[PDB]
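Here the structure comes first, spelled out in structure tokens, and everything after it is commentary.
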Ligand SMILES: NC(=O)c1ccc[n+]([C@@H]2O[C@H](COP(=O)([O-])OP(=O)(O)OC[C@H]3O[C@@H](n4cnc5c(N)ncnc54)[C@H](OP(=O)(O)O)[C@@H]3O)[C@@H](O)[C@H]2O)c1
Ligand SMILES: NC(=O)c1ccc[n+]([C@@H]2O[C@H](COP(=O)([O-])OP(=O)(O)OC[C@H]3O[C@@H](n4cnc5c(N)ncnc54)[C@H](OP(=O)(O)O)[C@@H]3O)[C@@H](O)[C@H]2O)c1
Ligand SMILES: NC(=[NH2+])NCCC[C@@H](N)C(=O)O
Ligand SMILES: NC(=[NH2+])NCCC[C@@H](N)C(=O)O
């Protein structure tokens, strides 16, 4: 039994390295493998752990030995899970470690946009005080927040919202009834929400789910929050919406690209570099989930299986 | 009956101008009077409304005619209410208009400090993605927040802290019990709080309530929030705490002074220019309190009376 963390871990403390070596031969690579290194590392192990590296169907056809792949992430959009299924390789993610961290980040971003924290701080650094007109804001209490995706993270955001005394609406794919969330279609969500937050995986179905048309339905003072992939939005259309001040602002933890992206020029966005998840509590839970995946698989009762 | 708003109103919309003109002659000065002009304006009116101008005992003893002074603010630390009472001038404030806006600003500041929003946004503007280590944060869920002052605004903060499922401790002067808040003395509050937030008026008793000694008791990762007057804190001692990184950071909506204040040079503070209160909802409620004050005085049963 060989277990391999095939690319550079953000967090992998000594106690976890020691624990995983109790289960088998554990090897960790502190780099980003090229495609050939990735195939070789995947083919030299029985369980693999991945954080950064795309695993494509073309790669999986060249893989041998590997039986179990764990994404350290909740997302698995960079892994061809269907191709792994077709090659009898089981896949698990780490499904809940970050949900509180990300839900709190939604409110961090929402408040940073609403209160224009970037401009407000810069005003004070200029030595100006008691400046109100540029910072006229809306209270979030009693506003409508619309959650596109109401799973682990969406439901955590709803809990915080519902006790901020907000109206929570939302949508999912299965139409399973989620408690405390009035479920609507996406057109109504875009029309009625004061705040819109995305909590949905990226795949072929959800890419560019926020079309130019749907974005044009937003309220004139709406705030859009994205702690998910930038590819979920027509990003060029979002730029035009913000550039033309057709909504209040956006808080974005991901963009489809960064260098020379015109959104970087906007004074009504707040950007974070994918840091929504990274709390002390989340990264520790991430380790507990990784270890639970390994133990449960060795017990022949695997958990968090992606199917 | 003559009513005068003696200095520049931040907000005085059409419906308020029209309503106050029903009671008599309404004059508004869209400027900032000096002391002599303030005395003259106050002495040339029956009811006065004030927003910016200090009204000292020396001025009050020179005033005639005036019977009722309304501060548009909740604070009245710039008005000598004792001298007003001794000269048989009634005084009211506007006591609740901003409590939701300020309570939400506490969390806007808390999250801005905790998630290092200023630095995170700057990282993205430099074109960098997936930068985690500098932004390692604590979730605020299950943390202890200590509220110095648990009146109108403090209790609103306490309600939001329960929304995030935090432990709330606090103190007041009367030691009257407040439900949902575990009351402690200030030494215990400074020692046990992960987040400290001030919600206390500025007066002879509360100035520099946060001493150098009390500030030295703070937890190494504590976050201090001040939406009240900067003079509640030994500000030089606070600078020393932050400069030496003895706590995580501070979110400050006021400073004792701004020009060349060394706090402006700190990378672990988030500053807002007194903008905590300024929501659409708050300024509208401010007008309804102004009207209720005027009408109550006209009915010879004044409300919101100071002292
Ligand atoms: N920024 C960060 O640091 C960070 C950290 C972790 C995760 N994330 C992102 O957050 C995403 C969500 O995580 P989660 O744990 O909340 O996922 P989850 O529990 O799987 O929930 C996903 C939600 O999206 C819904 N959904 C899926 N496909 C849909 C479609 N085509 N149309 C409408 N709704 C659809 C699901 O509906 P059903 O229940 O009906 O299937 C469910 O309500 C992840 O995929 C990841 O990309 C970001
Ligand atoms: N940043 C902004 O834009 C903004 C906007 C509005 C207000 N404010 C500030 O917020 C302050 C508080 O407003 P509020 O409406 O919450 O006031 P409030 O309802 O009068 O509450 C004041 C609280 O402070 C307590 N307190 C008074 N003196 C004290 C002392 N010496 N030691 C300990 N506790 C003491 C009171 O306790 P007892 O009940 O036992 O007396 C009460 O719990 C205002 O004075 C104002 O300066 C700021
Ligand atoms: N956990 C970790 N080492 N990386 C964070 C990844 C965040 C988000 N994409 C996700 O979890 O899907
Ligand atoms: N409401 C108004 N025009 N000014 C806001 C003043 C905020 C705070 N000092 C207070 O109300 O005490």
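Chains as they are written, first to last, in my numbering: chain A, 2 to 308; chain B, 2 to 308.
In this text, a Cβ means the ideal position worked out from N, Cα and C, and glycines have one as well.
query: Through-space distance from residue 163 (chain A) to residue 54 (chain A), alpha-carbon basis; result: 38 Å
query: Per DSSP, cross-strand counterpart(s) of residue 207 (chain A); result: Looking at the DSSP assignment, residue 207 (chain A) forms no beta bridge with any residue, so it has no partner.
query: Residue 1 (chain B): contacting residues in chain A (beta-carbon distance under 7 Å); result: Here chain B has residues from 2 to 308 only, and residue 1 (chain B) is not among them.
query: Neighbour flag for residue 146 (chain A) against chain B, beta carbons, 8 Å; result: no
query: Contact set, ligand 6 heavy atom to C-beta under 6 Å; result: Ligands present in the displayed structure are limited to ligand 1, ligand 2, ligand 3 and ligand 4, and ligand 6 is not among them.
query: Proximity of residue 249 (chain A) and residue 277 (chain A) at Cβ, strictly below 8 Å; result: no
query: Nearest residue (CA-CA) to residue 169 (chain A), options A:258, A:89, A:147; result: A:147
query: Neighbourhood of residue 263 (chain B) by C-beta, 8 Å cutoff - its chain only, sequence neighbours within 5 removed; result: 240, 244
query: Option in B:30, B:107, B:125 with minimal Cα separation from residue 260 (chain A); result: B:125
query: Contacts that residue 32 (chain A) makes with chain B (C-beta to C-beta distance below 8 Å); result: Result: empty, since nearest Cβ-Cβ is about 15 Å, beyond 8 Å.
query: Best match in A:204, A:191, A:205, A:49 for proximity to residue 1 (chain A) [C-alpha to C-alpha]; result: Nothing can be reported for residue 1 (chain A), as the shown portion of chain A is limited to 2 through 308.
query: One or two residues paired with residue 69 (chain A) in a DSSP bridge; result: A:48, A:91
query: Residues that residue 265 (chain A) contacts on chain B, provided the C-beta gap is smaller than 8 Å; result: 125, 126, 128
query: Spatial neighbours of residue 9 (chain A) in its chain, beta-carbon cut-off 8 Å, leaving aside the 5 residues before and after; result: 30, 31, 32, 33, 52, 53
query: Within chain A, the residues that residue 158 (chain B) reaches when beta carbons sit closer than 8 Å; result: Residues of chain A passing the Cβ test: none, with the nearest at roughly 12 Å.
query: Residue environment, residue 158 (chain A), which counts as buried when at least 16 other CB atoms sit within 10 Å; result: buried
query: Contacts around residue 286 (chain B), its chain only, beta-carbon distance under 6 Å, and the 5 residues preceding and following it disregarded; result: 98
query: Interface flag, residue 11 (chain A) vs chain B, CB-CB below 8 Å; result: yes
query: Option nearest residue 17 (chain A) by Cα separation, candidates A:302, A:60, A:284, A:305; result: A:284
query: Chain-ordered residues of the stretch 196 to 215 of chain A with a beta carbon less than 7 Å from chain B; result: none
query: Same chain, Cβ closer than 8 Å to residue 212 (chain A), neighbours up to 5 away in sequence not counted; result: 235, 238
query: Neighbouring residues, chain A, relative to residue 274 (chain B) (Cβ below 7 Å); result: 121, 124, 125, 129, 130, 131, 132
query: Counterpart residues of residue 171 (chain A) in DSSP-defined beta bridges; result: A:148, A:184
query: Residue 286 (chain A) (DSSP reduced to helix, strand or coil); result: helix
query: Terminal residues of the alpha helix (DSSP H) in which residue 163 (chain B) lies; result: 153 to 164
query: For residue 244 (chain A), the three-state DSSP class (helix, strand or coil); result: helix
query: Extent of the continuous alpha helix (DSSP H) run through residue 213 (chain A); result: 213 to 216
query: Whole-number beta carbon distance between residue 144 (chain B) and residue 196 (chain B), since they are thought to touch under 8 Å; result: 6 Å
query: C-beta neighbour in chain A for residue 260 (chain B), strict 8 Å; result: yes
query: Cβ contact check for the stretch 122 to 140 of chain B and the stretch 101 to 113 of chain A: 3 or more pairs under 8 Å; result: yes
query: C-beta neighbour in chain B for residue 142 (chain A), strict 8 Å; result: yes
query: Cβ of residue 22 (chain B) within 8 Å of any chain A Cβ; result: no
query: Rounded straight-line distance, which links the Cα of residue 46 (chain B) to that of residue 112 (chain B); result: 46 Å
query: Where residue 209 (chain B) falls, given that 16 or more other Cβ within 10 Å makes a residue buried; result: exposed
query: CB contact check: residue 237 (chain A) to chain B, cutoff 8 Å; result: no
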